[PDB]
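I have placed the structure first, in the form of structure tokens, so that the comments after it can refer back to it.
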Amino acid sequence: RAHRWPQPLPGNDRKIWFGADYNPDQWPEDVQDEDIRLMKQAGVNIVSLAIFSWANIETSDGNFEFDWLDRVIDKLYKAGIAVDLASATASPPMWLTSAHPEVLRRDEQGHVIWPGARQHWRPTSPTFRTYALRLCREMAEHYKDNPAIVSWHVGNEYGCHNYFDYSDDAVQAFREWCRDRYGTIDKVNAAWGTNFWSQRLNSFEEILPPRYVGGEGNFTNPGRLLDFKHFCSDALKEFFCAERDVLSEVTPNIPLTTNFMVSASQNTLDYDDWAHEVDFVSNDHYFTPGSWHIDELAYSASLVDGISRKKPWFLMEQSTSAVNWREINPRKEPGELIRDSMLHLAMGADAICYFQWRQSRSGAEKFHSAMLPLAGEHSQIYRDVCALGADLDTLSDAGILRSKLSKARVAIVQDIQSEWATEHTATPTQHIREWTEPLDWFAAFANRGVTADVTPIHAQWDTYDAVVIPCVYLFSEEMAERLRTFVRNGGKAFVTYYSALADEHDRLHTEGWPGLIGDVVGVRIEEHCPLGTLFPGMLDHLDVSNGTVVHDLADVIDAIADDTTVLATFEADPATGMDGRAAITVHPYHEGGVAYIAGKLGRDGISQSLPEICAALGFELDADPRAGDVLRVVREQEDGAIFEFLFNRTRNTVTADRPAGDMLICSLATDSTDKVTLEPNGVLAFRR
Amino acid sequence: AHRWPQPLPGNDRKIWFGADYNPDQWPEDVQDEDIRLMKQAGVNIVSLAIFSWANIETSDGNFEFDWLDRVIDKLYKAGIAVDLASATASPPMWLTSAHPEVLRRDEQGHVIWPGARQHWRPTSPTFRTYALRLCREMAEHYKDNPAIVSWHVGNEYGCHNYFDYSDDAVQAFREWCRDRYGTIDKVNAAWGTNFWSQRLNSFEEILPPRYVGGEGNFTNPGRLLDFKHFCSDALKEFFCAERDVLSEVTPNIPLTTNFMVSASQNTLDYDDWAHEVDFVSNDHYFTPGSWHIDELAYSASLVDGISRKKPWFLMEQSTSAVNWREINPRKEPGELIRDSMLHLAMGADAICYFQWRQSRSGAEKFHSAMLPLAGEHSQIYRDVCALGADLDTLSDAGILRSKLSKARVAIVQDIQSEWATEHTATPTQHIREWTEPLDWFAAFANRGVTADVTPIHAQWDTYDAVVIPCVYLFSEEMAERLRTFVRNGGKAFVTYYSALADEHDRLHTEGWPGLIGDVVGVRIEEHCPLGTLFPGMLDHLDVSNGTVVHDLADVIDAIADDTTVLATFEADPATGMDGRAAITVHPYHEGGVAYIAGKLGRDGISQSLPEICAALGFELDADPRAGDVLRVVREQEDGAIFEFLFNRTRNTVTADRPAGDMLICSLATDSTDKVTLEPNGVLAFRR
Ligand SMILES: OC[C@H]1O[C@@H](O)[C@H](O)[C@@H](O)[C@H]1O
Ligand SMILES: OC[C@H]1O[C@@H](O)[C@H](O)[C@@H](O)[C@H]1O
Ligand SMILES: [Zn+2]
């Protein structure tokens, strides 16, 4: 679609948007003036409202009431505050689920999903779609050409709860999805391997979604499962498009977005694909507690930018402190509030918003942090939040808008479909999923002072000096060609275990692994060597000769090309048949460029190997560990203005080479004329 | 309205001592040996027919009493009283087969089938009909039979069937809400149903909290709280109906039902049920390991608490192993007698076991009894006979109707707060209310102080000191009670996770503790949960006095000017916790408030207690030995004092001898100077 960013309200300029989900309909209206006074003081200029306000709008069937929403929207507009307005179709009222219990989702075992939480609806319910499009229309009509509304928030995190439906509506939809994608039943049969275990289909009507097949010790069809995960994503996407189609039909000036859930571990929605149906990309992200906090946020924001194809994106949600939804919910430390928002910013967001504005007293999210805590305006959270708005106006005025995150030296390929494939319960080990490997390489590259671009698989990683292929389990013929070309012409590639095992339908490649691509990699593998502690005396690690250690899984490399060089070998009990086998290799292919990594090494084993491997490939690398102490993230204007952010990645005070330019921002950090000083959780930004 | 069961025609008053008794599982030719062996053991009551429904109403509407008459006659002739059940605990196969609509449904709509017990819907009109009929039939048939000294109505209501989601549950829960709230808006307002489009147009839209999709999903916290309240109230209404039918036909016979008070029990509101029984009776089974002693003393204290210090009846406990855990350990030598003495010392006037004769078959076949499968030549039967003897001695020494003395400190227990801390969207699933009171009780025991565990509506505000441990719900009134208690000179220990929400689970605003910050002197803007969920997570916080907080800590932002800080957190500065306040004490008029800003554990509390108490002005022996023996004291109106001493340790201990006559000793040695207890020993004196 074409890129349409939300624009300012009639009269004032373009700013970094800074706001929050806002839910006045959970408080007495008399609170709305205080809300707005405190927003202004904070630097807040947009809020998103009505996201789950369905049952306070269509108060009963066919009956729409807009007064309370009309009143508060008026107060916000008069205050200079924009409205990112929802469809309010995210979750239905009790009256509707009562009259039509047929809209309720069904899990793999046919359990009914009742109301009492949210999103208890079947994505492909014809009835739910009807009520829903009606509300979308009603809303669009009523706020047509109301000028406070600068954009639409259609629904809410589609599929967060209702990805997997197994109801009769879903059965019907998965059938037709399969007909539309495969054409003939023979082709479905051939993609799924249905001659195995007498699963062969006589017709499209015989096809079932992968409902319960009896638990542990039972193994559902993997190809059918892969496709079903694909269908689920597309079913929700289709629903979204029908809703957006209705909203811009009535108010075509207003750009539409929906809020994604990009994080290192998200493993449902195919968001690179969804991104093709939004005027701008916006994301919800919540910090991962502990050591992974920083690298995993950077990773996710980088990825978002990747899906955005380096266009500006909108951080719709993140948290000021604790979430509510983990089994343990830690608070943020001093500085992390500001520093996290800065990271999202540095990775290309032109907007920064939280869930939520005012902490709820009751309901299931009552313990989720907000900008204004229950403790009230005399709280450290609110003080930090005010500081943030202030820094975001500063950045706006220095002119950062619409600058793009710069092109890294190395692309790290992330691939959701591979993630799905690696999820089957009959793989060589359940201890290996695709999602962790890209994250480790990103963390490892941060350790050596190189900030990578996380890039989805259909993006242009083949225009980078180097790419990481980390457990890209599905390799199609085309994917194989793309990598072969990238390497022929001087590309340098890092390829790992669990890469290129199967075609795109989860049919394993023959003649040895990596499949399709073995000529380029220079390595041949006849089987895996999974490792663990399931049973007493099991082989549970493999030492590597460079002083690292592999866990969970290793490849058994049988032969290498004559021009393949071994950098590292496994060191083990000879009887294991792994002693002296190749663990890390590098192999020339024309002008490039391939290192193969035959096991899971983790952030730190990757990171400790990285120097010897980069040297072998001709990738310049700082070999000093200090090099990773600060993470440097850069945005570039076409006019040549450069915004460089520095972040302490460690738990001790650090000193960095000061960039040239003007200091725009500082949190837990000290500028000097020579060198720059950051405390833990501290951030700096300069314009050059 | 306290009615204790009385002796049979002719007998004197004795500590009751018996067991569940189930002759309907054996050939009648075994009964004379049962009774014989009972007499040798000192047994003077049995409870029978508790699950004998299918052997009484053998088929629909057919009631048969001959076997029960025969055995009750042998028992009567032998001098053994009968605590007779309604036998309505669990229905026959013919009933559930004819009427499968009585069957419970779990949150996912699963039928709960027969094959175990208590598979019934609490609010099944059909089942209620059958049960109340049987109740009547029993009552009719044993009207004015002098063998029957009491009624055992049903059995452990809600042990299995607390949570029903059937249509009967759906309907009753509506009506329960209609009645508790009046108008649908008061509901909407209690539950915060404007969040996530939950707002209700009517009562007919209210549903019980059935499955909303497992992990990653979060049901309405107020609706869940109230549903837990409802589940307890539904079973209670049912019990009252059963007892009403019984006491109407035989009004002279006192009625009870058996509770399951233990540290971690978390369903029935028992303090609330205690209002519908003629005497309070409890089932308790030991917690294996270290916690064996303190967790029994705590549970028994709490039952007395619920009884408002009136005598209570230990209906069930075990001689050795239970059957129902994943590992079922046996009791060690001495624990059988010592355990019964702990319950006695905490105010019980009856001591009975599950069960009399170990079963050869059925699901409880490996559950221990008084007469083991090994037979009469067993260590368990030998100890039982000794216990029987000890209890006759104590009856003769005049212990009956003595009350447990008023301790210096009350420890507040609150089932409704436990229900609240159970919701899956709290700061951490690692914190529940129940553990904390238990830690403080154990902690005082470590310092030679025996506390009274008290439910929230009991009179803790008449003690020198009260403990408020994870009392997450504070109503306005609760807040006023505490304020008054401290103003008028009471001293209070308050912890983290206290006073977060009103009674509807709605968070207090303006900072925590809510409502009560004027009295506590501390202001908290958010929590700092700790754990190991993810690598590098903050998983503990040292405290400056040498203890350690785990699981959860409060972030104390400000303290009142007259607040004194006793200990601070010590952390990595980047955490924003280093040097923060961890234990504080604060004057409020004539009391009296110490704040403990995290989970310390038994040992952390115990190690801090001296300093806290000194600052509060509560005398405390600073020596660790002080907790080597637990002293529990019962007092007669006439001035008689019964003092029991118990070894809490695993090595021999020596204590000051009480004055008076020595009544009982197990694994212990009276001397004229000082007393000697072995591991697991108990001693008793009258003074
Ligand atoms: O952390 C909680 C938040 O998670 C967001 O992704 C969701 O869209 C918000 O409504 C809120 O639920
Ligand atoms: O410990 C085993 C016992 O548990 C009791 O609570 C129950 O009422 C008895 O019948 C038996 O099941
Ligand atoms: Zn089920």
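Order determines the names: the first chain of the structure tokens is A, the second B, and so forth; residues in each chain are numbered 1 upward, and ligands are numbered 1 upward as they are shown.
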Give the alpha helix (DSSP H) residues of range 171-316 of chain B, as assigned by DSSP on the backbone, as a PyMOL selection string.
-> chain B and resi 171-181+184-191+221-249+270-273+292-307
May I have the residues of chain A within 8 Å of chain B, counting only C-alpha atoms, written as a PDB file with C-alpha atoms, in the first residue's frame?
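Writing done, so here's iface_29.pdb:
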ATOM      1  CA  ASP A  25     -14.782   5.068  29.917  1.00  0.00           C
ATOM      2  CA  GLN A  26     -13.360   3.220  32.972  1.00  0.00           C
ATOM      3  CA  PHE A  52     -12.184  -2.178  23.609  1.00  0.00           C
ATOM      4  CA  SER A  53     -15.068   0.233  23.985  1.00  0.00           C
ATOM      5  CA  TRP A  54     -17.486  -1.863  21.854  1.00  0.00           C
ATOM      6  CA  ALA A  55     -20.052  -2.585  24.621  1.00  0.00           C
ATOM      7  CA  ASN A  56     -20.155   1.125  25.662  1.00  0.00           C
ATOM      8  CA  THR A  59     -24.830  -0.778  24.065  1.00  0.00           C
ATOM      9  CA  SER A  60     -27.347  -3.279  22.833  1.00  0.00           C
ATOM     10  CA  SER A  91     -13.758  -7.720  21.515  1.00  0.00           C
ATOM     11  CA  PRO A  92     -17.602  -8.081  21.516  1.00  0.00           C
ATOM     12  CA  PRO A  93     -20.220  -7.203  24.223  1.00  0.00           C
ATOM     13  CA  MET A  94     -21.949  -9.708  26.479  1.00  0.00           C
ATOM     14  CA  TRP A  95     -25.287  -9.114  24.699  1.00  0.00           C
ATOM     15  CA  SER A  98     -25.302 -14.200  24.583  1.00  0.00           C
ATOM     16  CA  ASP A 107      -9.615 -24.970  20.931  1.00  0.00           C
ATOM     17  CA  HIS A 111     -13.394 -26.562  24.328  1.00  0.00           C
ATOM     18  CA  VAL A 112     -15.663 -23.603  24.066  1.00  0.00           C
ATOM     19  CA  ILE A 113     -13.892 -20.282  24.753  1.00  0.00           C
ATOM     20  CA  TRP A 114     -16.222 -18.130  26.885  1.00  0.00           C
ATOM     21  CA  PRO A 115     -16.249 -14.385  27.561  1.00  0.00           C
ATOM     22  CA  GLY A 116     -14.533 -13.022  30.717  1.00  0.00           C
ATOM     23  CA  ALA A 117     -11.262 -12.115  29.063  1.00  0.00           C
ATOM     24  CA  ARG A 118     -11.156 -10.821  25.429  1.00  0.00           C
ATOM     25  CA  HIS A 120     -13.014 -15.029  22.391  1.00  0.00           C
ATOM     26  CA  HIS A 161      -5.742 -15.026  21.689  1.00  0.00           C
ATOM     27  CA  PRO A 289      13.314  -9.088  32.010  1.00  0.00           C
ATOM     28  CA  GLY A 290      16.936  -9.667  32.950  1.00  0.00           C
ATOM     29  CA  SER A 291      20.068  -9.812  30.773  1.00  0.00           C
ATOM     30  CA  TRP A 292      18.077 -10.078  27.503  1.00  0.00           C
ATOM     31  CA  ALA A 322       5.661  -3.880  35.003  1.00  0.00           C
ATOM     32  CA  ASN A 324       0.675  -8.032  34.366  1.00  0.00           C
ATOM     33  CA  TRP A 325       0.730 -11.087  32.179  1.00  0.00           C
ATOM     34  CA  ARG A 326       3.913 -13.012  33.029  1.00  0.00           C
ATOM     35  CA  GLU A 327       4.069 -15.412  35.979  1.00  0.00           C
ATOM     36  CA  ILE A 328       6.493 -13.037  37.550  1.00  0.00           C
ATOM     37  CA  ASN A 329       6.211  -9.350  36.586  1.00  0.00           C
ATOM     38  CA  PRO A 330       9.326  -7.322  37.381  1.00  0.00           C
ATOM     39  CA  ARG A 331       9.441  -3.569  37.403  1.00  0.00           C
ATOM     40  CA  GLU A 333      14.962  -0.058  36.798  1.00  0.00           C
ATOM     41  CA  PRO A 334      15.756   3.627  36.963  1.00  0.00           C
ATOM     42  CA  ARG A 361      -8.132   0.072  39.523  1.00  0.00           C
ATOM     43  CA  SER A 362     -10.023  -3.047  38.523  1.00  0.00           C
ATOM     44  CA  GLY A 363     -10.336  -5.676  35.837  1.00  0.00           C
ATOM     45  CA  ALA A 364      -7.710  -8.117  34.672  1.00  0.00           C
ATOM     46  CA  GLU A 365      -5.046  -5.531  33.818  1.00  0.00           C
ATOM     47  CA  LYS A 366      -5.327  -3.664  37.067  1.00  0.00           C
ATOM     48  CA  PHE A 367      -1.644  -4.379  37.896  1.00  0.00           C
ATOM     49  CA  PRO A 373       0.072   5.123  38.170  1.00  0.00           C
ATOM     50  CA  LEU A 374      -2.632   4.635  40.843  1.00  0.00           C
ATOM     51  CA  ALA A 375      -0.099   6.303  43.131  1.00  0.00           C
ATOM     52  CA  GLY A 376      -0.912   9.436  41.065  1.00  0.00           C
ATOM     53  CA  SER A 379       5.235   9.353  41.349  1.00  0.00           C
ATOM     54  CA  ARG A 651      26.144  -3.041  34.195  1.00  0.00           C
ATOM     55  CA  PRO A 680      24.111   1.503  33.183  1.00  0.00           C
ATOM     56  CA  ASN A 681      20.823   1.974  31.378  1.00  0.00           C
TER      57      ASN A 681
END
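Distances to ligand 3 were evaluated for B:605, B:105, B:394, B:625 using only C-alpha atoms and all ligand atoms, and the minimum falls at B:105.
Near residue 81 in chain B, within 7 Å and counting only C-alpha atoms, sit residues 8, 44, 45, 46, 147, 148 and 149 of chain B, not including residues fewer than 6 positions from it in the same chain.
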Mind writing the picked residues with C-alpha atoms as a PDB file, in the first residue's frame?
ATOM      1  CA  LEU B   8     -24.415 -42.036  76.828  1.00  0.00           C
ATOM      2  CA  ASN B  44     -15.555 -44.304  73.296  1.00  0.00           C
ATOM      3  CA  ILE B  45     -17.099 -42.903  70.122  1.00  0.00           C
ATOM      4  CA  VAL B  46     -17.192 -43.872  66.450  1.00  0.00           C
ATOM      5  CA  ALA B 147     -26.782 -44.481  71.322  1.00  0.00           C
ATOM      6  CA  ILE B 148     -26.625 -41.528  68.962  1.00  0.00           C
ATOM      7  CA  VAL B 149     -24.842 -38.611  70.661  1.00  0.00           C
TER       8      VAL B 149
END
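For the pair CA of residue 585 in chain A and CA of residue 440 in chain A, the separation is 18.9 Å.
Between CA of residue 58 in chain A and CA of residue 185 in chain B there is a distance of 17.2 Å.
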Might you pull out every residue within 9 Å of residue 255 in chain A, with only C-alpha atoms counted and same-chain residues fewer than 4 positions away left off, and present them as a PyMOL selection string?
-> chain A and resi 3-6+150-152+248+251+278-280
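Of note, CA of residue 562 in chain A and CA of residue 503 in chain A are spaced 27.1 Å apart.
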Can you build me a table of chain A residues sitting at most 6 Å from ligand 1, with the closest atom pair per residue and its distance in Å to one decimal, using only C-alpha atoms and all ligand atoms, sorted by chain and residue number, as JSON lines?
{"residue": "A:156", "atom": "CA", "partner": "ligand 1", "partner_atom_place_in_ligand_line": "8 (O)", "distance": 5.8}
{"residue": "A:157", "atom": "CA", "partner": "ligand 1", "partner_atom_place_in_ligand_line": "8 (O)", "distance": 5.6}
{"residue": "A:284", "atom": "CA", "partner": "ligand 1", "partner_atom_place_in_ligand_line": "6 (O)", "distance": 5.4}
{"residue": "A:323", "atom": "CA", "partner": "ligand 1", "partner_atom_place_in_ligand_line": "1 (O)", "distance": 5.2}
{"residue": "A:355", "atom": "CA", "partner": "ligand 1", "partner_atom_place_in_ligand_line": "3 (C)", "distance": 5.9}
Can you write just those residues out, C-alpha atoms, as a tab-separated table (two decimals), in the first residue's frame?
chain	number	residue	atom	x	y	z
A	156	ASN	CA	-6.46	-4.94	18.36
A	157	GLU	CA	-3.56	-7.37	18.10
A	284	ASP	CA	3.53	-3.38	20.59
A	323	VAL	CA	3.32	-5.80	32.79
A	355	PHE	CA	-0.19	0.88	27.39
Contacts of residue 264 in chain A within 9 Å, only C-alpha atoms, excl. fewer than 3 positions in-chain, as a PyMOL selection string = chain A and resi 267+296-297+299-300+303+435-436+438-439
Expected selection as an NGL selection string for ligand 2 within 10 Å, only C-alpha atoms and all ligand atoms = :B and (20 or 50-51 or 89 or 117 or 154-157 or 159 or 258-260 or 282-285 or 315-318 or 321-325 or 353-355 or 363-369)
Can you write out the residues you just picked, keeping N, CA and C atoms, as an mmCIF file, in the first residue's frame?
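The resulting out08.cif:
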data_model
loop_
_atom_site.group_PDB
_atom_site.id
_atom_site.type_symbol
_atom_site.label_atom_id
_atom_site.label_comp_id
_atom_site.auth_asym_id
_atom_site.auth_seq_id
_atom_site.Cartn_x
_atom_site.Cartn_y
_atom_site.Cartn_z
ATOM 1 N N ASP B 20 -13.548 -42.791 62.409
ATOM 2 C CA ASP B 20 -14.563 -43.179 61.439
ATOM 3 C C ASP B 20 -14.562 -44.700 61.529
ATOM 4 N N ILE B 50 -20.842 -42.681 57.253
ATOM 5 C CA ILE B 50 -20.539 -41.457 56.513
ATOM 6 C C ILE B 50 -20.734 -41.555 54.971
ATOM 7 N N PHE B 51 -20.311 -42.670 54.366
ATOM 8 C CA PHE B 51 -20.527 -42.923 52.927
ATOM 9 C C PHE B 51 -21.362 -44.176 52.679
ATOM 10 N N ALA B 89 -23.017 -38.065 52.009
ATOM 11 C CA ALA B 89 -21.777 -37.533 51.501
ATOM 12 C C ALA B 89 -21.614 -37.790 49.983
ATOM 13 N N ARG B 117 -15.519 -40.072 44.770
ATOM 14 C CA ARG B 117 -16.641 -39.606 45.593
ATOM 15 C C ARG B 117 -16.952 -38.127 45.451
ATOM 16 N N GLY B 154 -23.149 -34.936 56.248
ATOM 17 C CA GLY B 154 -22.386 -35.122 55.019
ATOM 18 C C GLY B 154 -20.939 -35.503 55.279
ATOM 19 N N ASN B 155 -20.036 -34.975 54.458
ATOM 20 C CA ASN B 155 -18.613 -35.101 54.722
ATOM 21 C C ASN B 155 -17.733 -34.147 53.917
ATOM 22 N N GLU B 156 -16.855 -33.436 54.621
ATOM 23 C CA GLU B 156 -15.961 -32.446 54.005
ATOM 24 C C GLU B 156 -16.552 -31.817 52.746
ATOM 25 N N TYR B 157 -17.600 -31.023 52.903
ATOM 26 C CA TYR B 157 -18.244 -30.389 51.763
ATOM 27 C C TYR B 157 -17.208 -29.605 50.952
ATOM 28 N N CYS B 159 -14.570 -30.571 49.280
ATOM 29 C CA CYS B 159 -13.228 -31.092 49.131
ATOM 30 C C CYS B 159 -12.942 -31.346 47.659
ATOM 31 N N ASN B 258 -17.512 -31.773 59.227
ATOM 32 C CA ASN B 258 -16.042 -31.796 59.361
ATOM 33 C C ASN B 258 -15.341 -30.853 58.380
ATOM 34 N N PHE B 259 -14.564 -29.914 58.932
ATOM 35 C CA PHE B 259 -13.809 -28.912 58.167
ATOM 36 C C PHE B 259 -12.426 -29.450 57.773
ATOM 37 N N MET B 260 -11.725 -28.730 56.897
ATOM 38 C CA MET B 260 -10.386 -29.111 56.469
ATOM 39 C C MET B 260 -9.408 -27.972 56.701
ATOM 40 N N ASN B 282 -12.851 -30.520 63.003
ATOM 41 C CA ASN B 282 -11.852 -30.383 61.956
ATOM 42 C C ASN B 282 -11.180 -31.683 61.511
ATOM 43 N N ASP B 283 -10.831 -31.787 60.228
ATOM 44 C CA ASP B 283 -9.921 -32.833 59.746
ATOM 45 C C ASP B 283 -8.567 -32.226 59.447
ATOM 46 N N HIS B 284 -7.500 -32.795 60.021
ATOM 47 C CA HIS B 284 -6.131 -32.353 59.722
ATOM 48 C C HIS B 284 -5.152 -33.475 59.672
ATOM 49 N N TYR B 285 -4.361 -33.437 58.623
ATOM 50 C CA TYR B 285 -3.346 -34.451 58.398
ATOM 51 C C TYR B 285 -2.008 -33.787 58.346
ATOM 52 N N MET B 315 -12.096 -34.319 64.342
ATOM 53 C CA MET B 315 -12.885 -35.426 63.791
ATOM 54 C C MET B 315 -12.026 -36.495 63.088
ATOM 55 N N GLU B 316 -10.964 -36.049 62.411
ATOM 56 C CA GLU B 316 -10.084 -36.904 61.612
ATOM 57 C C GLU B 316 -8.636 -36.396 61.677
ATOM 58 N N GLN B 317 -7.711 -37.339 61.574
ATOM 59 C CA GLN B 317 -6.274 -37.105 61.444
ATOM 60 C C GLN B 317 -5.717 -38.504 61.147
ATOM 61 N N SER B 318 -4.396 -38.669 61.103
ATOM 62 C CA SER B 318 -3.896 -40.006 60.794
ATOM 63 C C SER B 318 -2.904 -40.569 61.824
ATOM 64 N N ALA B 321 0.749 -42.895 57.733
ATOM 65 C CA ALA B 321 0.658 -42.393 56.374
ATOM 66 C C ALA B 321 -0.774 -42.092 55.927
ATOM 67 N N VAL B 322 -0.966 -41.031 55.132
ATOM 68 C CA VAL B 322 -2.191 -40.929 54.316
ATOM 69 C C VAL B 322 -2.015 -41.673 52.969
ATOM 70 N N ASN B 323 -3.053 -41.687 52.146
ATOM 71 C CA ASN B 323 -2.975 -42.272 50.788
ATOM 72 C C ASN B 323 -2.884 -41.226 49.656
ATOM 73 N N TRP B 324 -3.125 -39.946 49.958
ATOM 74 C CA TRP B 324 -3.530 -39.022 48.891
ATOM 75 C C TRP B 324 -2.440 -38.122 48.298
ATOM 76 N N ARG B 325 -1.230 -38.197 48.829
ATOM 77 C CA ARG B 325 -0.139 -37.454 48.244
ATOM 78 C C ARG B 325 0.679 -38.273 47.236
ATOM 79 N N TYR B 353 -9.577 -40.353 64.616
ATOM 80 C CA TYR B 353 -8.754 -40.630 63.465
ATOM 81 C C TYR B 353 -9.594 -41.025 62.282
ATOM 82 N N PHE B 354 -9.071 -40.781 61.083
ATOM 83 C CA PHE B 354 -9.496 -41.600 59.967
ATOM 84 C C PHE B 354 -8.414 -42.659 59.830
ATOM 85 N N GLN B 355 -8.769 -43.956 59.902
ATOM 86 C CA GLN B 355 -10.085 -44.448 60.338
ATOM 87 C C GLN B 355 -9.837 -45.558 61.366
ATOM 88 N N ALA B 363 -9.916 -47.058 47.380
ATOM 89 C CA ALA B 363 -8.884 -46.117 47.023
ATOM 90 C C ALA B 363 -8.095 -45.689 48.250
ATOM 91 N N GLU B 364 -8.654 -45.955 49.416
ATOM 92 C CA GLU B 364 -8.009 -45.505 50.625
ATOM 93 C C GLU B 364 -7.331 -46.668 51.312
ATOM 94 N N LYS B 365 -7.147 -47.747 50.573
ATOM 95 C CA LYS B 365 -6.593 -48.957 51.136
ATOM 96 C C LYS B 365 -5.180 -48.810 51.757
ATOM 97 N N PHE B 366 -4.354 -47.877 51.291
ATOM 98 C CA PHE B 366 -3.021 -47.695 51.866
ATOM 99 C C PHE B 366 -3.022 -46.550 52.862
ATOM 100 N N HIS B 367 -4.193 -45.989 53.156
ATOM 101 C CA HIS B 367 -4.325 -44.998 54.237
ATOM 102 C C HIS B 367 -4.244 -45.719 55.588
ATOM 103 N N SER B 368 -3.422 -45.202 56.512
ATOM 104 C CA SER B 368 -3.212 -45.805 57.850
ATOM 105 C C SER B 368 -4.458 -45.785 58.768
ATOM 106 N N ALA B 369 -4.554 -46.737 59.691
ATOM 107 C CA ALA B 369 -5.686 -46.744 60.624
ATOM 108 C C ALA B 369 -5.260 -47.034 62.075
#
Residue 456 in chain B surroundings by only C-alpha atoms, 7 Å radius, close-in-sequence under 6 positions cut, as a ChimeraX atom specification = /B:412-414
I need the residues from that last selection saved to file as a PDB file, in the first residue's frame (with C-alpha atoms), if you can.
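Final file, result01.pdb:
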ATOM      1  CA  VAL B 412      -4.519 -12.688  61.100  1.00  0.00           C
ATOM      2  CA  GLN B 413      -5.578 -15.276  58.585  1.00  0.00           C
ATOM      3  CA  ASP B 414      -7.952 -14.342  55.791  1.00  0.00           C
TER       4      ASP B 414
END
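Nearest residue to ligand 3 among B:566, B:112, B:336, B:43 is B:112, counting only C-alpha atoms and all ligand atoms.
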If you run DSSP over the backbone, which residues in range 157-335 of chain B end up strand (DSSP E or B)? Put them as number ranges by chain.
-> B: 255-256, 258-259, 281-283, 312-316
Close residues, residue 68 in chain B itself excluded, 9 Å, only C-alpha atoms, min 5 positions apart in chain, as JSON, numbers by chain = {"B": [23, 24, 48, 49, 56, 73]}
For the residues in the current selection, export C-alpha atoms as a short mmCIF file (atom, residue, chain, number, x, y, z; two decimals), in the first residue's frame.
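File out-v5.cif, as written:
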data_model
loop_
_atom_site.label_atom_id
_atom_site.label_comp_id
_atom_site.auth_asym_id
_atom_site.auth_seq_id
_atom_site.Cartn_x
_atom_site.Cartn_y
_atom_site.Cartn_z
CA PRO B 23 -18.21 -52.13 59.25
CA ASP B 24 -20.16 -52.17 56.04
CA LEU B 48 -20.48 -44.38 61.10
CA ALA B 49 -22.30 -44.57 57.85
CA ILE B 56 -29.07 -47.80 53.24
CA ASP B 73 -26.58 -52.08 69.24
#
